[PDB]
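Two forms of a single protein chain come next, each set out by itself as structure tokens; they are called structure 1 and structure 2.
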Structure 1
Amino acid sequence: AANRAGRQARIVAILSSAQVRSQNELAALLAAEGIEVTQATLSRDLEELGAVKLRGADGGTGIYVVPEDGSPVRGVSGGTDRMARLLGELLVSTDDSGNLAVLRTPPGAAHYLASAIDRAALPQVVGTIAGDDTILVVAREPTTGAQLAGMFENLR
């Protein structure tokens, strides 16, 4: 049987490319991998892991994310899909000014969406900077912030 450290390692791997909305779902997911634990232990794992539960862009219940310090950062679509999933879950609205796209997310969710956007390495994005509930996305010339905002708006 996998020890705590080993289980927690799987938790992080699962939360990285999933939209886990409850502790029981995390359990169902771990069970598929042969790891059986209760919600009580999960409630504790997520904690000594720093993982938090963000709110959804629509106001309801959000997802669990882990304060990842970097990689694994790669998938089939090159990050395009994970970004699209997080956009639908965390993008509250979009706006622009000059060469800047301004995106709003629930509080505390900005960094995660921003990492996801960086990971997808979009060709018209020079880079992003996330605050608490806002992300500034810099468009690469000749792309305008308005164009980028429209692109994100279509994935909201």
Structure 2
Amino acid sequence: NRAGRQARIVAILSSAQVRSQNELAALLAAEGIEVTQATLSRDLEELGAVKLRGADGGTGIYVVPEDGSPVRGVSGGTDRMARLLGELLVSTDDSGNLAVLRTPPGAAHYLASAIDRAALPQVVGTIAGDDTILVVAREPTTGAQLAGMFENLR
């Protein structure tokens, strides 16, 4: 199935050097498993696979971090956001496509900045006031779902 294909992908990547998704499709094909690039795109996105390279390092090869870090540049953005939510998030709420977050006075800009830097797929953008942040959910995510996601980190 899917989770089996993905296990094979984490394996094929750590052992080989895949530079493209079509390339990973052929690597899976010779191994019996047949998938399209479309699906691998989805898998790698779920896997958190990142096309890596060093300075002057040309086209990268895919690699999934083992909760080990992306060298130097943390990913990291999300963990930092989670820490600041735990510290600064006072309440969450929602209406339509909006999650509304409250913070202590003056803290909204700092928390919103942390959320922007996490670059969440379901967030179109944020605006901070002084103690309130409007977070715009990317369709079809609702404000209520976005809010629940923030709540779970509160």
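Only residues modelled in both forms are compared. Start at 1 and count along the sequence of structure 1; that gives the residue numbers used here. Just so we're on the same page, rigid core means the largest C-alpha set that superposes within 1.5 Å between forms.
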{"property": "Core-superposed comparison between the two structures: the option from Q124, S97, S93, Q39 whose CA moves 2 angstroms or more", "result": "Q39"}
{"property": "Relative rotation of the two rigid parts between the two structures, taken as the smaller one's turn in degrees", "result": "179"}
{"property": "Angstrom displacement of the CA atom of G59 between the two structures, core fixed", "result": "48.5"}
{"property": "Cα displacement of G78 between the two structures, once the rigid core is superposed (Å)", "result": "4.4"}
{"property": "Taking the rigid core as reference, consecutive runs of 3 or more residues that move 2 angstroms or more in Cα between the two structures", "result": "3 to 76"}
